[PDB]
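Taken in order, these protein sequences are the chains called Y, X, W, G and C.
Residue numbers are given in the UniProt record's numbering: position 33 of the first sequence equals residue 84, and the series is strictly consecutive.
Going letter by letter, the second sequence gives residues 4 to 215, 226 to 301 in the UniProt record's numbering.
Going letter by letter, the third sequence gives residues 2 to 111, 158 to 227 in the UniProt record's numbering.
Residue numbers are given in the UniProt record's numbering: position 3 of the fourth sequence equals residue 655, and the series is strictly consecutive.
Residue numbers are given in the UniProt record's numbering: position 2 of the fifth sequence equals residue 7, and the series is strictly consecutive.
Input: a single structure, listed below in structure tokens.
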Amino acid sequence: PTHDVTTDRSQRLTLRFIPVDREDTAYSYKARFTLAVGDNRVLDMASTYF
Amino acid sequence: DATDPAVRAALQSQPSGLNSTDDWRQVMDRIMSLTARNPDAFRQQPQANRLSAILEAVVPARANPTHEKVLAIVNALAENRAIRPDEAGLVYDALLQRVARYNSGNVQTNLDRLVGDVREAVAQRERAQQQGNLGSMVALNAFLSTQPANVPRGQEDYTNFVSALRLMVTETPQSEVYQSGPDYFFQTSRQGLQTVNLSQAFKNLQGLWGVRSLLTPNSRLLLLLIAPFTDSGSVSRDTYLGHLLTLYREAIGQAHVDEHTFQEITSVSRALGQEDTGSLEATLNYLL
Amino acid sequence: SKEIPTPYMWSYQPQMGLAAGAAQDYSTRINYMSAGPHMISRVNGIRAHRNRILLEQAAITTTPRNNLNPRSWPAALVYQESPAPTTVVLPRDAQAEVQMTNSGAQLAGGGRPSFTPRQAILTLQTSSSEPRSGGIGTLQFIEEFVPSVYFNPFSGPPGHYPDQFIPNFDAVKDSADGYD
Amino acid sequence: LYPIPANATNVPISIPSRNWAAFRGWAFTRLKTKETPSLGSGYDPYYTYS
Amino acid sequence: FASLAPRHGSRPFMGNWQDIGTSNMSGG
């Protein structure tokens with residue numbers, strides 16, 4: 052199918068997310084992210100990883 | 004004429020002035036000065052403008068209708084939603100290339116038959132939109148083949164209900180029925196709310212036609238939409254479905270006069286001087 | 002969920018004067034995941050009694066229109082200021098003061160003159176030259192745009208859905224807007 | 653709890669869109685991230701304060 | 006939704022209707 056399936060606008064495939072705030076214990080660390088999904092985008096969380 | 008694919012093709016290909024080929028009679032009335040308004044407007048032109056119009060009149064120039072015949076076809080494909088408006092230049096060069104490879108006396112006659120065929124097909128679709136019946140009658144009668152034609156009790160209420168059911172889809176051109184999987188539905192307008200479920204409503208009303226807290230709210234939504242198309246004698250008075258169809262006709266008529274009462278009370282509450290926040294809440298609590 | 006849905010409450014935009022887009026009333030929901038059939042049935046009768054009020058409030062108050070949330074409201078359907086005409090009592094007689102001054106009298110300060164019984168009164172139109180159209184205010188967003196109870200949601204063919212619930216959707220483009 | 657960075661002055665918050673039915677008002681006080689544990693955690697390893 | 010489906014020939018290659026949800030658990 053031509054239209055109504057894949058966009059013709061400037062849209063990325065993979066995004067890179069810098070940690071917003073990282074904190075460390077002696078046995079663990081914590082990484083807070085902003086998982087920003089823009090307009091008209093769906094994100095299956097199976098495609099997300101660290 | 005604004006939705007005519009050959010009038011629109013004349014506004015995109017033909018000149019906006021009076022040439023001596025498309026408008027030979029209208030320019031010979033001006034060359035020979037037999038025009039009603041300003042007859043002597045042709046004598047007051049220079050020889051470069053005056054002799055070049057006489058030469059194009061006594062021996063006119065031939066022209067190609069092919070770019071005008073194809074553009075009437077493209078502007079009807081773009082109007083009956085057959086192509087996208089972005090594809091209107093893509094399929095125009097695609098059709099001009101085909102009638103250039105295969106150009107003949109047959110094809111130019113066949114394009115002349117097809118620009119009269121798409122004038123009809125644009126008008127036939129726009130008549131079918133304002134009638135709004137052909138897509139709905141074939142899919143409501145397809146629904147009623149599934150439903151049984153003989154209920155045990157209250158057949159007199161059942162055969163007038165399904166006849167009033169044909170009256171909504173006929174006397175509302177925007178309303179439609181369709182199928183989505185097992186069940187059929189009924190939207191009261193294109194891209195609007197109040198979608199009833201016909202296969203769930205008629206498996207709920209079956210067993211309630213002669214009964215004289227138990228209704229699914231889409232069946233009551235169906236009994237609200239069918240109410241202005243149902244007479245007092247179409248269903249019974251004592252029957253619980255017939256008792257509600259009269260009750261929903263009074264609810265529509267009360268909501269039609271509480272609409273006009275709302276426009277009166279809020280009009281005379283602004284001029285008299287009140288809070289505009291509380292004028293709009295005390296009115297509804299008086300009307301609801 | 003289909004029989005007794007949650008109403009789509011409209012988001013206003015005070016700048017354009019149109020509705021932004023409707024999302025369901027998720028923030029006024031009532032939690033009966035710890036109730037039984039003696040009380041789940043009583044709350045579902047309140048979810049449905051509310052939806053009967055919103056269909057009754059929309060039949061009273063909402064203007065009947067084809068496109069839900071239009072982009073340019075007509076001037077006949079927008080509440081417009083129609084004040085009383087301004088009555089101006091003009092202070093001075095113009096040609097009776099150019100004859101006192103030409104005669105040598107110096108006028109200073111200020158019927159209102161002792162030398163003129165004439166009094167001119169001017170009545171002017173207070174309202175605008177053209178009636179305003181295009182965007183409704185806050186009070187007409189309250190009257191219209193009663194929260195949409197959308198029974199059996201998204202059951203139709205595509206294109207017959209409420210796309211004007213979506214805050215990205217242009218009606219005259221039939222497409223969702225992007226970042227450019 | 654909205655996080656304020658160190659030496660930060662302007663704190664913007666933004667509720668996305670919401671029915672504000674039966675809303676009563678606001679009440680606010682700045683806290684400290686050192687003194688406040690996590691919101692709904694059963695234990696806080698990053699909480700060295702008593 | 007036939008404009009989203011690939012066209013095997015001139016018919017839309019649709020899936021089945023009842024293949025929408027999952028049902029697998031640890032032995033059930």
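We put the beta carbon where it would ideally sit given N, CA and C, even for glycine.
Asked	Found
In the DSSP assignment, the alpha helix (DSSP H) including W:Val196 goes from what residue to what residue?	W:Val196 -> no alpha helix (DSSP H), and no H or E assigned at all.
Could you give the distance in angstroms between the alpha-carbon of Y:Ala82 and the alpha-carbon of Y:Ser61?	29 Å
Are the C-beta of C:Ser28 and some C-beta of chain Y separated by less than 9 Å?	no
Distance, Cα to Cα, X:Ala126 vs X:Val172?	22 Å
Taking buried to mean at least 16 other C-beta atoms within 10 Å of its own C-beta, is X:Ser280 buried or exposed?	exposed
In the DSSP assignment, find the unbroken beta strand (DSSP E) run with W:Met10 in it and report its ends.	9 to 14
Can you tell me where the beta strand (DSSP E) holding X:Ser183 begins and where it ends?	179 to 183
For X:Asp43, which of X:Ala51, X:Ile34, X:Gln29 has the nearest alpha-carbon?	X:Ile34
Go ahead and label W:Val99 buried or exposed: buried means 16 or more other beta carbons lie within 10 angstroms of its beta carbon, across all protein chains shown.	exposed
Inspect the beta-carbon positions of W:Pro84 and W:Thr173 and report whether they are closer than 9 Å.	yes
Between which two residues does the alpha helix (DSSP H) containing X:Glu129 stretch?	108 to 134
So, is X:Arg11 buried or exposed, given that buried needs 16 or more other C-beta atoms within 10 angstroms?	buried
Use the C-beta contact count for X:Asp160: other C-beta atoms within 10 angstroms, 16 or more gives buried, fewer gives exposed.	buried
So is G:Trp672 buried or exposed if we call it buried at 16+ other beta carbons inside 10 Å?	exposed
In whole angstroms, give me the CA-to-CA distance for X:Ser245 and W:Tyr208.	34 Å
Check the Cβ of Y:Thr76 against every Cβ in chain G and list those closer than 9 Å, keeping chain order.	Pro697, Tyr698
Can you round the beta-carbon distance between X:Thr24 and X:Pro63 to whole angstroms, since I take them to be within the 8 Å contact cut?	5 Å
Which same chain residues, not among the five before or five after X:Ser139, have their C-beta less than 7 Å away from its C-beta?	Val172, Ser178, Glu179, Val180
What residues of chain X sit near W:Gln58, judged by a beta carbon separation below 8 Å?	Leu297, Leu301
Please compile the residues from chain Y whose C-beta is within a distance smaller than 9 Å of the C-beta of C:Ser8.	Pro52, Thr53, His54, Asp55, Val56
Would you please state the rounded distance, in angstroms, between the beta carbons of X:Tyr187 and X:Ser166? I believe it to be under 8 Å.	Contact flag wrong, Cβ pair sits at about 17 Å.
Suppose you measure from the CA of X:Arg87 to the CA of Y:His54; what does that come to, to the nearest Å?	10 Å
I'd like to know whether the C-beta atoms of W:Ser12 and W:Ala21 end up nearer to each other than 9 Å.	yes
Can you round the beta-carbon distance between X:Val30 and X:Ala66 to whole angstroms, since I take them to be within the 8 Å contact cut?	The pair is not a contact, with the Cβ atoms about 15 Å apart (cut-off 8 Å).
Mind checking whether W:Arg93 and W:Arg72 have CB atoms under 9 Å apart?	no
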